[PDB]
Amino acid sequence: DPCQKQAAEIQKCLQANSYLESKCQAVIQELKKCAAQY
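Structure determination for this entry, per the PDB record, employed solution NMR.

**Focus on the UniProt feature "disulfide bond" in the protein chain**
Formation of the UniProt-listed bridge between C3 and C34 is supported by an S-S distance of 2.0 Å, under 2.5 Å. In this pair, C3 is assigned in the segment before α1 (4-16) and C34 in helix α2 (residues 25-37), connecting sequence segments 31 residues apart. Of the two residues, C3 and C34, both sit in the buried class. Disulfide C13/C24 (UniProt): S-S 2.0 Å, present in this structure.

**Let's talk about the nonpolar core**
Most often, soluble globular proteins have nonpolar side chains that are buried together. In terms of nonpolar packing, the biggest core is built from five residues, these being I10, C13, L14, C24 and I28. At three residues, the largest contribution of residues to this core is made by α1. Discounting chain neighbours no more than four positions away, the residues touching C24 are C13, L14 and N17.

**Considerations on the side chain of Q6**
Looking at the secondary structure, you find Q6 in helix α1. The class of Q6 is buried, set by a relative accessible area of 13%. If we skip the residues at most four places from it in the chain, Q6 touches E30, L31 and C34.

Criteria and thresholds
Residues numbered from 1 in each chain as written, not as in the entry; some residues may be left out. Heavy atoms only, no water. Disulfide = S-S within 2.5 Å. UniProt positions renumbered as here; feature names shortened; annotations may be inferred. Helix = DSSP H or I, 4+ residues; strand = E, 2+ residues; numbered from the N terminus. Buried < 20%, exposed > 50% of the residue type's maximum accessible area, 1.4 Å probe, protein only. Core = buried A, V, L, I, M, F, W, Y, C linked by side-chain atoms within 4.5 Å. Contact = heavy atoms within 4.5 Å.

Written out as structure tokens, the structure reads:
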């Protein structure tokens, strides 16, 4: 599929970082780049 792994790993990352998106923005960059591909 497009990026469901990235979405799951973004959730996982946020969960592990108390929803501090800033620690998982590198993974959101990956999701954005993924989305731009797919």
